[PDB]
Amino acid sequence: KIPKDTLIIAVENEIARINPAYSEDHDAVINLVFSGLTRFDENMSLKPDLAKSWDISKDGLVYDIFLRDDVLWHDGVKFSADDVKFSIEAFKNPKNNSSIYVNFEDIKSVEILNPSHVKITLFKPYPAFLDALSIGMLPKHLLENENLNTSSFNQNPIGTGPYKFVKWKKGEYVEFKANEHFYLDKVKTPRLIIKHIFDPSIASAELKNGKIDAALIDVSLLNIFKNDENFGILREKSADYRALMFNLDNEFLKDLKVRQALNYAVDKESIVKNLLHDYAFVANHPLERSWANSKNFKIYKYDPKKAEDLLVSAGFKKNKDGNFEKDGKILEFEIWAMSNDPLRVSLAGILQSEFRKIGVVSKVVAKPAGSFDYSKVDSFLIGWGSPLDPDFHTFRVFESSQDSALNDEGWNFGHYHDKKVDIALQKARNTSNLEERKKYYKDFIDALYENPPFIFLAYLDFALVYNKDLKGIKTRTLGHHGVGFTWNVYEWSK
């Protein structure tokens, strides 16, 4: 049995470089080792962390940030303004190829005015900046002469976070020990292990045979825990959605009428009702848990007749087999799903069924996450979503310059290029006035409807399943893959 002083938590995704500069919002380990200037509480409220306070100028261009003087890095060295300037400059240096480059490109200058005071000046307003500064700070004294891209640091990280790095068995687990000088509070469980388990049926089994203490578990597997008193189940809300990603390079899917038709073809109400057992709600756009949600937008209602009318209009005709065809080619394409994710496999199956009903042929291809290039398939059962500022999973996902065929750190895997979307997100992220921001996000949402990059399917709840001995777990609004479910792990204990 797992000792009382050890926490073992399963997490779906890992990261090859435990370094805030390469955060892709998929891991649970950078936030153990590192901490940022700001943080969020159970209500997703912005709170001071490494920074004690801050003032922003009326024009939104200047940030005066005041730091704690009582923080140590894991190696004993004090945390100073030196680190903060090194870090922010590090994220916006193009030679570092940072995954969060777009969160810091707008910084013009970082001035250290006293050892606990930095003055950050921006080219244009970027209200998302304080959310952005929740990213971990890096240690200047260890990395200032390093190649941030390849440094051995990335596999031996030193941070200011609640947990010190111990060892790493690649592909299997990372092991940590409590930071006994953690400025924020005392870490309760001295030993913590994050186990890499990307298939929930395997996670489920390891809960049952006592190999792990906690995991997020797909709704399809919850039945074997609902009547087991040895476990609790915490339902967590999230901003995470699932969708069909259209690859716009595909000869059929590039066509606006075809993409609209495929949207009209899917009975989303039936999916959420039946597959997801109301651990989900129907999705239509990517900001429906945001303040940025326009709440009055157009949608593609389930309408098979309209789908067919659209495909006729696009020049297709049902052949003798009942399949839409144009110029000797039937309208067909592949739908790819992560085979280790039962929800996505089920969804790819349902889409294939829905399309078949209107004479669209498709092939489901299920392969393990990480084993194929998601930007090189006709379509992909994709997911994104962040409870933080609406910029964070929209700019890298939809904007043209973030097309991943051009931008190694872009998340626009479908190669989507829309002028109204580009303009809307750019204005939205660089305007200070909240009401103005909402206006631009409405333009963005409306533009997405007119030129849909996806079929949006559903927003997910997550089920945190945990050994009943576990105390201290707090919920909050999770992100994509349920990331964030370990946000207060330093308060957890047995």
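Start at 1 with the first residue shown and count on from there.
K.L.:
Taking the recorded C-alpha temperature factors, which stretch has the higher mean, 318-326 or 334-342?
P.N.:
Result of the comparison: 318-326.
K.L.:
Could you check the entry and say whether 92-100 or 386-394 has the higher mean CA B-factor?
P.N.:
Looking at the record's C-alpha B-factors, the answer is 92-100.
K.L.:
Name the residue from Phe246, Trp168, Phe198, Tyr264 with the greatest C-alpha temperature factor listed in the entry.
P.N.:
So the option with the highest C-alpha B-factor is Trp168.
K.L.:
Based on what the PDB entry reports, which of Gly410, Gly370, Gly210, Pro286 has the top C-alpha B-factor?
P.N.:
By C-alpha B-factor in the record, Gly210 ranks first.
K.L.:
Among all modelled residues of this chain, ranked by Cα B factor, put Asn31 in the bottom, middle or top third, i.e. lowest, middle or highest.
P.N.:
As the PDB entry reports it, the C-alpha B-factor of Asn31 lands in the middle third of its chain.
K.L.:
Which third, lowest, middle or highest, does the CA B-factor of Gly414 fall in along this chain?
P.N.:
Answer is lowest: the recorded C-alpha B-factor places it there.
K.L.:
If you rank the chain by CA B-factor, which third does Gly349 end up in: lowest, middle or highest?
P.N.:
CA B-factor rank for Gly349: lowest third.
K.L.:
Would you please rank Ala10 by its C-alpha temperature factor against the other modelled residues of its chain and give the third it falls in: lowest, middle or highest?
P.N.:
It belongs to the middle third of the chain when residues are ordered by C-alpha B-factor.
K.L.:
Would you mind ranking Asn433 by its C-alpha B-factor against the rest of the chain and naming the third, lowest, middle or highest?
P.N.:
Highest third.
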